[PDB]
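Take a look at the letters that make up each chain.
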Amino acid sequence: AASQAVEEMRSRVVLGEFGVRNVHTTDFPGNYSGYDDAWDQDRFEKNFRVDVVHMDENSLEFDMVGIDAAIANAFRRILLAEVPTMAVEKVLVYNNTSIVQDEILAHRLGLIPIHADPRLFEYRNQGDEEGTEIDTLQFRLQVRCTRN
Amino acid sequence: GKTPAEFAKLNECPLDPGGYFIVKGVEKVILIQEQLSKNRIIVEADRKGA
Amino acid sequence: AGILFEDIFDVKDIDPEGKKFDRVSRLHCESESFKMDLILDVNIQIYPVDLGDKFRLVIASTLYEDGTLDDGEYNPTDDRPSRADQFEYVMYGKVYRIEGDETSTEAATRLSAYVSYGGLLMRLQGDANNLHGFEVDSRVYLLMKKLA
Amino acid sequence: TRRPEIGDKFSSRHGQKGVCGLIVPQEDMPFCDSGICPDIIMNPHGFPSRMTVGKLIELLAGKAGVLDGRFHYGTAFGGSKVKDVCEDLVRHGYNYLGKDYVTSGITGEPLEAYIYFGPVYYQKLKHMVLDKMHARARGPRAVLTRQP
Amino acid sequence: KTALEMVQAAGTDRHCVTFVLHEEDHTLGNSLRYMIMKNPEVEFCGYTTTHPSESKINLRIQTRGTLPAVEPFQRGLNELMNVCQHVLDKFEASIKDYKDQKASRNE
Amino acid sequence: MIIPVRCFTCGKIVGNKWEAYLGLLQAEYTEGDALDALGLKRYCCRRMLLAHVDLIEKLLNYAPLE
Amino acid sequence: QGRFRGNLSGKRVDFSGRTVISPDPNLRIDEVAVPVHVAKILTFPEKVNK
Amino acid sequence: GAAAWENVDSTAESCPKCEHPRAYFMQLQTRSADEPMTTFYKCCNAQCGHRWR
Amino acid sequence: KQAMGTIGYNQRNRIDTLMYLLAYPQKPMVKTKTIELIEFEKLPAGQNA
Amino acid sequence: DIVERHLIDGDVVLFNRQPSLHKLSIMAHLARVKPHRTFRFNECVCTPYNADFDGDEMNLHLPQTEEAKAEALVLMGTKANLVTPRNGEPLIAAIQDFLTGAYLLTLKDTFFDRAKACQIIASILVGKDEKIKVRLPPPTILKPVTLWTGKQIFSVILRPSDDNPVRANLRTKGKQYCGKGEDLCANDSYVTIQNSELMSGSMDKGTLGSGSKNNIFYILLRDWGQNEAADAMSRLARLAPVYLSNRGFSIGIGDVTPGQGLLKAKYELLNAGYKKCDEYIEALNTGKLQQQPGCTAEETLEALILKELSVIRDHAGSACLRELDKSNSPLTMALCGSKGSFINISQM
Amino acid sequence: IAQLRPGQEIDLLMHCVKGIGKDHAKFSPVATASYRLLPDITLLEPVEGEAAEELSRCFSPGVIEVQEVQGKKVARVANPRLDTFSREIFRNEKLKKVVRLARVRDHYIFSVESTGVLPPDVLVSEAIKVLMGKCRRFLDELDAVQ
RNA sequence: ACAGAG
Ligand SMILES: [Zn+2]
Ligand SMILES: [Zn+2]
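Thresholds applied
Residues numbered from 1 in each chain as written, not as in the entry; some residues may be left out. Chains lettered and ligands numbered in written order. Part of a larger assembly, values for the part shown. Heavy atoms only, no water. UniProt positions renumbered as here; feature names shortened; annotations may be inferred. Helix = DSSP H or I, 4+ residues; strand = E, 2+ residues; numbered from the N terminus. Rg over C-alpha atoms; globule rule 2.2 N^0.38 Å. Buried < 20%, exposed > 50% of the residue type's maximum accessible area, 1.4 Å probe, protein only. Pairing = 2+ DSSP bridges. Axes fitted to C-alpha atoms, helices over the stretch in contact; angles between N-to-C directions. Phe/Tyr/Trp six-rings, centres within 6.5 Å; stacked < 30°, edge-to-face > 60°. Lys NZ or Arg CZ within 6 Å of the ring centre and 35° of its normal. Salt bridge = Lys/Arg side-chain N within 4 Å of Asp/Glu carboxyl O. Donors = N, O, S within 2.8 Å, 3.2 Å for Na, K, Ca; no water. Tetrahedral: all angles 85-135°; square planar, octahedral: opposite > 155°, others 65-115°. Near = heavy atom within 4 Å. Polar contact = N/O pair within 3.5 Å; in protein donor to acceptor, adjacent residues only side chain to side chain. Nonpolar A, V, L, I, M, F, W, Y, C, P; charged D, E, K, R; others polar.

In the nomenclature of the PDB entry, chain F is known as DNA-directed RNA polymerases I, II, and III subunit RPABC5 of Homo sapiens. This deposition appears in the PDB under the title "Cryo-EM structure of human RNA Polymerase III elongation complex 3".

Chain C is annotated in the PDB entry as DNA-directed RNA polymerases I, II, and III subunit RPABC3 from Homo sapiens. Turning to chain C, the UniProt annotation filed under Function states: "DNA-dependent RNA polymerase catalyzes the transcription of DNA into RNA using the four ribonucleoside triphosphates as substrates. Common component of RNA polymerases I, II and III which synthesize ribosomal RNA precursors, mRNA precursors and many functional non-coding RNAs, and small RNAs, such as 5S rRNA and tRNAs, respectively." UniProt annotates chain C under Sequence similarities with the comment "Belongs to the eukaryotic RPB8 RNA polymerase subunit family."

What follows covers the overall build of chain C. When you go through chain C residue by residue, the secondary structure sums to zero helices and nine strands. What you see in chain C, going N to C, is helices and strands ordered as β-β-β-β-β-β-β-β-β. Against the globule reference of 15 Å for 148 residues, chain C gives a C-alpha radius of gyration of 16 Å, in line with a compact fold. Its C-alpha atoms give chain C principal-axis dimensions of about 50 × 35 × 30 Å. The buried share of chain C, reckoned over its 148 residues, is 47%.

Now for the sheet that holds strand 9 (residues 190-194) of chain J. Residue and element names in this part refer to chain J. Reading across the sheet, the three strands line up as 8-9-10 and stay open at both edges, with antiparallel pairing between neighbours. The open sheet is flanked by strand 8 (169-173) and strand 10 (198-200), the only strands paired with a single partner. Direction aside, the axes of adjacent strands within the sheet are offset by 20° on average. Pairing analysis gives five bridges linking strand 8 to strand 9, with the strands arranged antiparallel. Note that in strand 9 the partner of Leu170 across the bridge is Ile193.

In total, this model carries 26 aromatic pairs over all chains according to the counting rule given. Plain terms: the ring middles of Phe44(A) and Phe48(A) are 5.5 Å apart, the flat faces sit at 35° to each other, and that makes the pair tilted. Comparing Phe44(A) with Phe48(A), the two get one shared label, buried. With centroids separated by 6.1 Å and ring planes inclined at 70°, the aromatic side chains of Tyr94(D) and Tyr43(F) adopt a geometry described as edge-to-face. Taken together, the positions of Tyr94(D) in the loop between helix 3 (82-91) and strand 4 (99-100) and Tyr43(F) in helix 3 (residues 43-50) put the pair across two chains. Taking the relative accessible area as the measure of exposure, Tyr94(D) reaches 18% and is therefore buried. By relative accessible area, which is 5% here, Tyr43(F) ends up buried. One aromatic cluster is present, formed by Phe62(A), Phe31(D), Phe91(E), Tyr35(K), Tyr108(K) and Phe110(K) through successive ring pairs. Over the aromatic face of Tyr32(A) sits the side chain of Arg10(A), whose NZ or CZ is 5.1 Å from the ring centroid. For the cation-ring pair, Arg91(K) lies above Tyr96(D), with the distance from its terminal atom to the ring centre recorded as 4.3 Å.

What follows deals with the pattern of salt bridges. For the structure on display, the rule yields 76 salt bridges over all chains. Note that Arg97(C) and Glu99(C) form a salt bridge whose closest N and O atoms lie 3.0 Å from each other. For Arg37(J), the salt bridge is made with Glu5(D), and the minimal N-O distance between the two is 3.2 Å. With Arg37(J) in the loop between strand 3 (26-34) and strand 4 (39-41) and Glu5(D) in the segment before strand 1 (9-10), this pair bridges two chains. Classification of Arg37(J) as partly exposed rests on a relative accessible area of 23%. Under the relative-accessibility criterion, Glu5(D) is labelled buried at 19%. Three or more residues joined by partner-sharing salt bridges are found here, namely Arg77(A), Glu82(A), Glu27(D), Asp28(D), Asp25(E) and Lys22(K).

What follows deals with the coordination of the zinc ion (ligand 1). All names here are of chain F. Those donors, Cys7 (SG), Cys10 (SG), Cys44 (SG) and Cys45 (SG), are the protein atoms that reach the zinc ion (ligand 1), and they lie 2.4 to 2.5 Å from it. For the zinc ion (ligand 1), the four donor atoms are set out with angles of 93 to 122° between them, so the coordination reads as tetrahedral. Site description for the zinc ion (ligand 1): donor spacing in sequence, C-x2-C-x33-C-C. Here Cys45 lies in helix 3 and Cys7 lies in the segment before helix 1 (18-26), a separation of 38 residues in the sequence. Accessibility classification places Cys7 together with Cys45 in one group, the buried group.

Further remarks concern the sheet that holds strand 4 (residues 56-63) of chain E. Strands in a sheet are paired, the pairing made by backbone hydrogen bonds, and the direction either parallel or antiparallel. All names here are of chain E. The strand order across the open sheet built from four strands is 1-2-4-3, with neighbouring strands paired in antiparallel fashion. Of all strands in the sheet, those bounded by a partner on one side alone are strand 1 (4-8) and strand 3 (42-46). Going across the sheet, the axis of each strand differs from the next one's by a mean of 20°, ignoring polarity. Where strand 2 (residues 16-22) meets strand 4, seven bridges bridge the pair, whose relative direction is antiparallel. Across the sheet, residue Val20 finds its bridge partner in strand 4, namely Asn58.

Around RNA strand L lies a shell formed by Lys9(D), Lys17(D), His127(D), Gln2(I), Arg17(J), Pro19(J), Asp52(J), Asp54(J), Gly55(J) and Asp56(J). Residue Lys17(D) places a side-chain N or O atom 2.3 Å away from a phosphate oxygen belonging to RNA strand L. In this structure, a sugar or linking oxygen belonging to RNA strand L sits 3.1 Å away from a side-chain N or O atom of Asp54(J). Tallied by class, residues from the surface near RNA strand L come to one nonpolar, three polar and six charged.

Listed below in structure tokens is the structure:
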């Protein structure tokens, strides 16, 4: 039936041999004949649910049912690029005599993750190269190598 | 004839191929030159066709 | 009514040169009441058409059967009774080439009419008395529903 | 210390050289199912008129080599065949021709065509734009011919 | 310091306007387009980035009747905020329920 | 010169897996088994250890010392 | 390298630059993107009027 | 002779000018500034005689 | 020939006119036997992208 | 007084790639300042300079006089040098991924709903098209679903508002035109633009690209002025990557692997060709050869061997192109003429 | 970090600050955050015999189970979540026309792996508030204009 | 004077 194809067209993403068909998102008002696709908060609150299927230290897997691509993608992009953390920016060097170059060492120390909780700190203002208790932390690395 | 841990006290790489000189600090390489074989009869055509 | 043309057709061929496309099929039809052959491109994903089918094809100048030519911009959202409720497949396109037939050298009456539905063509060839009202640069509605 | 930027010349170990053109974030890269986004998107138009099938096999041999920890040889007039690395990719759950179901990172919807992922050994060339940008308003001149 | 700038079209009385969302990208743009297109009073909606160096998006909204295009924009913002509030509540409930069910096992 | 701290593609902290990778190769694993035992699922993380050359272990022979 | 070809018919000019190029389709077909490091060096003498 | 002209492979192909089957083709590659291929075609069923790239 | 890479094991004790190095080089994932013969992967030039 | 201001937005600046073979190797543009370190321009302009972005250096010249500006803007601008002075053919036109992305947009298969049609059309609303009203066209299919065909979305480029006076009219053959259709061909390879609506046929190299006349931008240049041919190329340059980078378009080793239909044909062709060449060898060395007119008996053998060997390439290449599916990537890139040909596909 | 030889010395001082991941990639809290739609591989015709065995090897190792009802092997889909869609069902010629590989559109499977700054259930609850936050800021500028 | 690059 053609109604079967209309229902597959707005609810499934088939995978052919040569290309994935039905890739877009279509349930908008006026796109279909007898269907009403205008915004309805009750239908969204009735169909949405979250199933957490696995969680341990430093990993999480869960399901979201009922949300669309343009919001799950927003959540992925916020988790990649807009959730703040604490990381090293300034490295002040006193007597680096290692073979590792100072720029390369600063770049390596930049990428170490820090266990500070970033809900407690504020942004350092424009300039203000010292920084105070409110908006910075400060580690000290000092290693000297000798013979056994 | 040295071992790789004795290239260390000469500040030299073991994998440096050599074959080059050191003249006033720069490293110069005498390239392989290609010549014609001497003492051989060459039968050739002139510009005039002869 | 703003009907240009109406006859029951009958499918004679589906793919003459093969399956060149995935969603479009170049139908070849022929009527009962007159001798009208009908080249047509339909969308066989949303609306499957088989080999021996028999559908009723109305071409209307307007979609509201009160004869009002009010089409400034088509609103798909609005729900008011139109001509389309009695038909399963409706397209919208423009007549762009009325062309004389070159088969006969004297005393001929067959005229071709080409309607392009944004890329999906339709030749409607037959007697000149049936094609009255087809003008170039005129926008028409194709309407179509299968029969038993 | 120089970081790559718009205008630095990378190569590809098959003569498909090319300058940098754009630097986009991780959140706008297309991502696979496993979470991998590419480092370097390469345009497929370099391949038909240049006929580097060797890069297309280097990618597949590398992808089949890192999934089971081997170095597949690419020796001249020999090397590991396609029929052997097609069996190492199916065994680890990937497609046998390296084409992956890829979700667009801008819209969140899947892409229609499949995209061909793998590790390719790119080498960075000495031609950098910071050593070549040059300008002159009016400056020192020659002594004989008083021209710059 | 101003983040929103409303640029009307040439000959349209306030029902065709291009919103310039400063310091944004595809993140807010696609989600807000999705929630504006749900409104059945909207004929046209879609965004674009001006240039990949500049952090602007130009969101164009064209409505059908005579109502101005500020109202579907504000309705899109409010409905997206409510959707995110509800998703947050359901997610925190499911996290607490999974941690509660794991604490009942293996004891 | 030295093992990078993070993988270039995704961002998993690879840089603490190198001293463990050599130790698992001292226990005579194959590389495809040691990379699985360290927790590297995707191949972008696997090529960080699989293709790395440890040049600083040999550059430190020519460093000046006491 | 004489006078006529090297210094008279063709000669070195100032107010000129030279850089590696790279594509940009978000520009028009009659625009070009000059880097700011070259836009500060190159000057156009604009006369003051009303 | 015409047979001395058409003892080359190609026939029943398509030229962009007159589409005729009786043809006489040519292919070159000996200019590596041209990364695209190089072809030249002769088409003489109706004796039209095109010679293009 | 123009690829950035490493020169040798004495590339830090060496003072040349112009020396280019790469910070984190990687050996090739697909390699010829000639690479094994000339010991290229003891000091490579390039990264696996 | 003279203030020597910096180079600002709108200065007429010359621009040059150094081996200058014709007069379009140096044209004048309008400068815009951007924070990176390279000269940048639209890729439609890559044809006159013969630039290729592989470590390419181009020159710049800022003219220092008002008359040097106005002789550079009126005479030497890009909008006034679209055609070459040699044979009148357009050079500034579309190039690869602007031809491939527009060929796939204007095939008959592609349909858009209202959301994705608005998303593709709204890409061109930047710059001097920021004030214009959009003019979404009426949808083609109405009753079972609502679908815009991709040709209407393409025709937004030729007329993006309701008051734009462009009426473009073009009626020509495509590349894969079969010869017998004339606007009803099976290949859908016959182009009809009528009042800037695309009524049939996909867009090839010979309709959007820099090859020759019957270019739609050349029609807009000759009928509606310079500025309407320049805006449409910017709209195409804006709109075609937005479609092509969200459709996805990729090549693979499976796009050049020979099927089972080819490996049986190629074996038979090699056997027949090598047997006929061996018979010609034996007929030369051990008796009479039918000596072709004008050549010796050794040169007659050369022509017959080149005859038998070049039949193998044709019957091997016409056997692989019959069994390639559509949505093959080199086949798509060769049908739209953007990069490659059929000789390259049949050769690799 | 580094590696030393006797006589060499490293002494420095670091200053950690707050920043978002759009600025620089050392601020990103996650290793990789992504999703996929959930598969629903469905069987169009009942597959029995030894074709049930070759159907279970054109998939992931835990999605197609083979069971016997009368000592006769029938195949059914068991856990379609575990599939990676390697598309090995299209190399086999007889079985291309019995399956419909698909994806449910409105069912996502997120997989967030935190780098260790804070646990990953707290990352998602912070990411939702940011999108709640950006919709708040432009509501405050619709009120400031009018 | 030599090597590069397009
Ligand atoms: Zn990784
Ligand atoms: Zn011809």
